[PDB]
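Residue numbers (our numbering), protein chains in the order written: chain A, 1 to 701; chain B, 1001 to 1701. Even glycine gets a Cβ: it sits at the ideal position worked out from N, Cα and C.
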C-alpha cells in the first residue's frame, strides 16, 4: 500500500541535519514567504504567523548596516535563479546587529519550471568582526553574541578549540551540509514515486510472480518423487534423472540466494525495503531451513566414492529433502483467502497424502513378507496374497520376482485410495499386526480429511445461495402481507411487478449505503457525475461555481417513474422542482391534456419568489419510462440564499415550462354546443340566489 | 467476578448490631460531620440534612448542663486520636435534657494516616440520676425518659429486672458491642480485597488448575484400562499394576476430600464461599457418587482371602470403577465453549468408544466360540475364522491356544474401527446371531457419531469464512454499482483503492460502535487519549480544566486524508477548525502556492469572534499521508460559551496559521512583464464604461 506522495518536507527536514530553512515563492512579485521553520523563528525572534507573507529578500529584517550592494546581489540572484551564498549582517526583533551568512538555492519542477525558492541560514557571529550598537559592556555583548552560535560550536566545528587557524575549513564544513540540498531538490516538488533501493527486486513484480509458480511446481514434483524413490527400491539405470535432480538443486539454490535481495511485507507495517534488516529478517526466519533442505548430502559422497560406513549412513538420509515445503507454507497465505481455491488445495493435499500412504504401505508389505534367515514365506502377507491372486506366484530354485513393480505400485495406490475414500472393496485387505495398526491410523486420517472436504463444500454452497434465499424470503413476506390485508389484485399486481422490476435492475446494491461508505469528496464528485445530465444541459446552471454546484449535487435526488404512476395528484402540496431528463410526461387538468413535457424541461413553482406553499392544480402522469431529478424546496432555498451571486442569475435564467400553482381556464366544445342548444329552447321569489349574487359581487369588489 | 471494593459501610452496619454511629472527618478544622445514621436521627430528632456539615464535637447539641471539663476532654481526645468513652448530658431538638453516653474511636488508613473519625452513642437515661427542667409531673418525666431507652431495655440487658445490682455489668455489656468496632476498622477505609475464609482454597488458583489436568489424565487412564482388564482375561502376573492402582485410588480419595474445602461458583449468584453450606452443596451434588466410585471393593477381599461365594461375587463387580467420569462431567463446562476444542473432545470420545466396542466384541467372540460341554468347535465364529486365516489353527490332544492375545486385541480393535469409520473391508465380518445384533447396534452408533463430527467441522469452517465472504460481497456490490452507473475509470480506481486501503488498516472494527459499547466515563477517557496528541502539544489547551477538556474530546473527530484528496474546495463554506497532527498540507489560491502547513498548525476561521459563515477563498490539498483533527463550529462555540473562563484565555492564546476567510492579493511576474510589453507598444463614445467607472467609484465611496 503505497501512493504517489510529494516527499518535499520529509526529505528536506531529514537532510537539513540540525539547520534552518525558509521556503519562498518564485512566481509572485516580491516573492512572499510561503513557509518558515522552528529554527528560523527561534534564531530570529519572529513568529511564523508574523513572518509569513513577507518578501523573500528579507527586507523586513534590514537595518542600518545592511548594504545596498548586498541588496543588489540578492535581487539579481533571485531574478537570475542561480546558486549563490552571501554573508550580510542581519537584524532581529530587538534590532541588535548580529553577523549572518545566507545561501539561496531555487528548486525546479517536473514540468521544467521554477516554483519554489529555498534560502538557508547560518550564524557566524562569534567568528567574525565584533560590532556592537548599544550594550552594557563589550565583553557582555561578546558573550551575548557567542551564546547564539551553539549550532556552529557543536560537533559541526567542535574540533576548532583543539586546533588553530580553523577558519579556512569552518566555512567549508558549514557549506558542506548546505550544498547537500540538491539531493532534496531531486523531487522538484512533484509526485515522486517511492523508488526502490538498488539491487532490490519488488516481490509483487512480474518476474517474482512468474517465478513463484515455477518454484511451486518444482516443489510439488520433488514431494511426489522423493518417497517413491526412497521406498520402491528403484535403481539408477536411468542417468537423466540425476541430471534433472541437479538442475532442480541449482534452481532451488538460485531461489534461496534471490530471496535475500527482495522486499517483503512487514507484519508491523505495510512495506519494508531496508537492506540492512531485510537480510537479517530472512536469515532469522527461513534461510537455515531452506539451506539445510537444499543440499544433496548423498551426491558428493556418491561422486567421490566415499566409504560405505559413516559416509554412507549420512548419505542415505535423503528423506530430509522433503522439507522443501517451506515455499508452499510461505505462499499459501497468498491464495488462502479465496473460497474456491481452498477446495483445490484440499484435493491436491488429498492426492499427495494418498501417494505417501500407498508408499508407506508398500514399505510395510516388503518389510513383512519375508522372514529373513528363517526362509519362511509368510503366506499371511498381502504382498503374497496379491501375488497369488494376480498370477505368477512365487517360486524358488533364490526366490522369483513375483509381481512386477508397475502393477505393485498401482495396487498399493488403489488400496490406500479406497481406504482414504472410505469405499472399502476389500479384495486387498490387511492381515497382520503391523498392517492392522497402519489400517487404524489410515482410517482415522481419512475420516478427518473427508470431514474437512465436506465442510468446505457445504460452506461454499451456503455462501453461494444466501443472497438468493434472502431475496426469495423478502418476496414471500411481501406476498403474505398483501394476501393478509385483503388488498385487491388491481394493486397487488402493481406492487409485485414494481418489486420484481426494481430488483432486476438494481441487483443487490443500495445506493445510499454505497454513497455513505465513501468519504466526503468522493461523495461530492460521485453526486456531481450522477447529476451531470442536468448540470451540463440546463442553461440555468452554466454560471455555477464549484461550491454551489457541489452543494446542489448533494441534495439532487434521482427518481425512476414507471408508466402509469402519478407524481403530483390534484390538491397535493407541491414543494419540489424536478427536471425531466428522459422519457416524457403529461399534465392533466380537469380530465384534459393542457401541456406535454419532454426532455430538458422543469415544472414546479418559483419557491424563492413565492415563499409560500400552494395546492397543485393539475395531475401529472407518466407516459414512458422516465427519469426525474427532484429537489426539495428547503434545501434549494437554503443554497440559493447562501449563494446570492448565483441566485441573482439563477432567478433570471430559470423559466418554468409549466407552473403548477397557476391553472388555466377554458371551455369545452361539447359544453358550449349544449349551452347554445339549450338557449335555442329558451325570479321575484328568488331571494336566496339574489343574496348569493349580492355576496358574490361584494366579494369580487 | 469480584472487584476491590471498600466495605466500610457494609461491615460497620453489620457489626453495629442495633446501634448508632456518626462519621466525622479528621483532617478539617472543627471536624465537619461527614455522615449520620437513621438511629442517630431518630434518637436526636435532627434530620440528616440539617445535621450534616456540623462540628464532630457535637457542640450544636450542647446546653446548660454540658460541662466545660467534658468539652476539654472531647477536644483533647480528638486532637490526640485516642480511644475513649465519655458520658455527658446531651440536648435534643426540644432542649429537654437527657443523659447520654458516648465513645470515640478514630480509624486509620492504608497509607498510615487517620482520615475518618467514628463516634458511637448510647442512652442511659432510665438508669442514671433523674434530672428534669420543665415537665407536667415528675413521674411523667420519668416515663418519658424511660420510653427512649428501648435499645438498652431489650435483649441487651433484658436480664436486669430478673436480677439486682446489675449496673456493675450493664456498662460492660453496653461497651462490649462498641469495642467490636476495631474489627470494622480493619479495612481502614481502603480497597480491601475479599479475603477468603481460612482453610478454603479458591477453585481458580494455580494449584487447583494444575490438579484438574492430573485428575483428568488419571480418569482417562482408568477408563481405558478398566474394560480391557475386566474382559481380555488378563492375569495378575505383573504386581506393579496393583501398586499403581493403589496410588490411583489414593490420589482420587485425596481429590474427593479436597473437594470439600474449595469454593464453587453459585448458580444463583457469582461466587459463594460460606463453609456452612459449601460442604452441604458438595455432599448433595456428587460426594456419594464419587465415594462409591472411589473404593476398590475387591481389594480388601483379595487381601483378606475372603470366601469365594458372596464375597467373591461382591468383589467381581469392579466394573463399577468406571463411573469415575463424574470429574470430566463436571469439568467439561470449563472448555465446552471453544469452537476448536469440541472437535478434540469428539475425537477423544470416538477413540474411547472404539476401544470399548472392540472389548465388547472380544467378549462376545469368546463367549460364542466354544460350545461348553458339547465340545463343538463352532467353526462359524469369527474367533475361529481369524484363527484359520492368520495361521496356527486350533488343535487338541485340552484345546490349543490358537491366536495370541497381542494379535487378538489388535484384530478386535481393527474390526471395531472399520465398523465405526464406515469403511468396511470385510475380511473380518460377523457370522452369527449375537454378532449380527451387535453389528446393527455398532453401525447405528457409528453413523450418529460420524454425523456429529461432520456437523462440528462444517460449523467451524463456516464460522471461519463468514467474515471474508462478507467483505468480498461488499466489494463486489460496490464494483457492480460503479460499473452500472457508468462512472469513469479516473474515479472508479480512486474509489476501489480507498475501500481496499481503508479495510486493510481498519480490519473488521467500527470505531463508533466500539465507542458506543463502553459507558460514559470510559468513552470520555478513550476520546481524551485519542486526542492527546493535539491536547498536550498545542499551547492553547494548556489552561484547560477537566470538564472542558472532556467536553472537547467528546466532539473532536479524527480524519485520515490520502494524498491528492481535497478538503476545502474553493467557494465551499468553512465551518470547522482542524489541527494538523501529522504529514503536511498546502493551500492553493488561484492555482498558486501561498502557504504551506506542517505539524502542529491549525487553519480555519475565528468562529467565536466572527459569528458568521464565509466562503473559502483557497483550495487545500494533501501532500503526504496526513491525520486531521476537525471540530465543527457549533459544538466548539457551545463549549466555549459554557466555559467563559476557558474562553477568555483560548481567544488570547489561539492564533491561526492561515485564515481561509481572509485572502491575499498579489500579481504575477509573467503578467506584469506582459503588461509592460503591451505598454511599450502603446473613449468619447465610451458611455457604458464611463457609467461603469462612475458606478464603481460610487460603490467604493
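Checklist line | Interfacial residues, the region 389-416 of chain A to chain B, with Cβ spacing under 7 Å | finding: Under the 7 Å Cβ criterion, the region 389-416 of chain A contributes no residue.
Next item on the list: Examine chain B for any beta-carbon lying closer than 8 Å to the beta-carbon of residue 111 of chain A, and answer yes or no.
Entry: no
Next item on the list: Using three-state DSSP, classify residue 1663 of chain B as helix, strand or coil.
Entry: DSSP places residue 1663 of chain B outside both helix and strand once states are collapsed to three, so it counts as coil.
Notebook entry, point to check: residue 129 of chain A CB to nearest chain B CB: under 8 Å?
Noted result: Under the 8 Å criterion on CB atoms, residue 129 of chain A is classed as non-interfacial with respect to chain B.
Note to self: Quick check: what's the CA-CA separation for residue 1515 of chain B versus residue 1523 of chain B?
What the structure shows: 6 Å
Check: Under the three-state reduction of DSSP, which class applies to residue 88 of chain A: helix, strand or coil?
Finding: coil
Checklist line | Below-8 Å beta-carbon distance, residue 52 of chain A vs any chain B residue | finding: Yes, residue 52 of chain A counts as interfacial toward chain B.
Item checked: Neighbour list for residue 1273 of chain B in chain A, Cβ cutoff strictly below 9 Å -> Within chain A, no residue comes near residue 1273 of chain B; the closest Cβ sits about 44 Å away, beyond 9 Å.
Item checked: Other residues of its chain near residue 583 of chain A: CB distance less than 6 Å, five sequence neighbours each side excluded -> 624, 625 and 626
Checklist line | Members of the region 64-92 of chain A that neighbour chain B once the beta carbon cut-off is set at 8 Å | finding: none
Note to self: Tell me which residues of the region 1638-1671 of chain B have at least one Cβ-Cβ distance to chain A shorter than 7 Å, keeping chain order.
What the structure shows: 1655, 1657, 1664, 1666, 1667, 1668 and 1669
Note to self: Distance check for residue 1089 of chain B and residue 1073 of chain B, CA to CA, integer angstroms please.
What the structure shows: 14 Å
Next item on the list: For residue 1393 of chain B, collect the residues of the same chain with a Cβ closer than 6 Å to its Cβ; drop the 5 residues on either side in sequence, then sort them by chain order.
Entry: 1387
Note to self: Excluding the 5 residues flanking residue 280 of chain A on each side, which residues of the same chain have their C-beta closer than 7 Å to its C-beta?
What the structure shows: none
Check: Out of B:1258, B:1641, B:1154 and B:1587, which has the shortest C-alpha to C-alpha gap to residue 1703 of chain B?
Finding: Residue numbering for chain B in the displayed model covers 1001 to 1701; residue 1703 of chain B lies beyond these limits and cannot be assessed.
Notebook entry, point to check: Does the Cβ of residue 348 of chain A have 16 or more other Cβ atoms within 10 Å, making it buried, or fewer, making it exposed?
Noted result: exposed
Check: Of all the options A:680, A:509 and A:3, which has the alpha carbon lying nearest to the alpha carbon of residue 193 of chain A?
Finding: A:3
Notebook entry, point to check: Just to confirm, are residue 1396 of chain B and residue 1361 of chain B a CB contact at a threshold of 8 Å?
Noted result: no
Item checked: Cβ neighbours of residue 1628 of chain B in the same chain (closer than 8 Å, five flanking residues each side left out) -> Only 1558, 1559, 1560, 1561, 1567, 1578, 1579, 1580 and 1581 meet the Cβ criterion.
Checklist line | residue 1453 of chain B versus residue 290 of chain A: straight-line alpha-carbon distance, rounded | finding: 37 Å
Note to self: Based on DSSP bridge pairs, tell me the residues matched to residue 658 of chain A.
What the structure shows: A:603
Check: Out of curiosity, what's the CA-to-CA distance linking residue 529 of chain A and residue 638 of chain A?
Finding: 22 Å
Checklist line | Min CB distance residue 504 of chain A to chain E below 8 Å | finding: Protein chains in the displayed structure are A and B, and chain E is not among them.
Note to self: Suppose you measure from the CA of residue 1094 of chain B to the CA of residue 1037 of chain B; what does that come to, to the nearest Å?
What the structure shows: Take the alpha-carbon of residue 1094 of chain B and the one of residue 1037 of chain B: they are about 20 Å apart.
Checklist line | Min CB distance residue 1469 of chain B to chain A below 8 Å | finding: yes
Next item on the list: Please confirm if residue 1603 of chain B has its CB atom under 8 Å from at least one CB of chain A.
Entry: no
Next item on the list: Under 8 Å by Cβ, that's how I've got residue 115 of chain A and residue 204 of chain A pegged, so tell me the actual separation to the nearest angstrom.
Entry: So it is not a contact: roughly 33 Å between Cβ atoms.
Notebook entry, point to check: Per DSSP, which one or two residues make a beta bridge with residue 1103 of chain B?
Noted result: B:1120
Notebook entry, point to check: Just how far apart, CA to CA, sit residue 1399 of chain B and residue 1377 of chain B?
Noted result: 10 Å
Note to self: Just to confirm my understanding: we take residue 1001 of chain B, look at its own chain, exclude 5 residues before and 5 after, and list those with CB closer than 6 Å. What are they?
What the structure shows: 1270
Margin query: Using a 10 Å radius around the Cβ and a threshold of 16 neighbouring Cβ atoms, would you call residue 1244 of chain B buried or exposed?
Written below: exposed
Next item on the list: Mark residue 1505 of chain B as exposed unless 16 or more other C-beta atoms lie within 10 angstroms of its C-beta, in which case mark it buried.
Entry: Residue 1505 of chain B is exposed by the Cβ-count criterion.
Notebook entry, point to check: Mind checking whether residue 1021 of chain B and residue 1118 of chain B have CB atoms under 8 Å apart?
Noted result: yes
Item checked: Three-state class that DSSP yields for residue 81 of chain A in the structure shown -> coil
Notebook entry, point to check: Can you list, in chain order, the residues of the region 1236-1259 of chain B whose Cβ is nearer than 9 Å to any Cβ on chain A?
Noted result: Residues passing the 9 Å Cβ filter: none.
Notebook entry, point to check: Does any residue of chain B bring its CB to less than 8 Å from the CB of residue 21 of chain A?
Noted result: no
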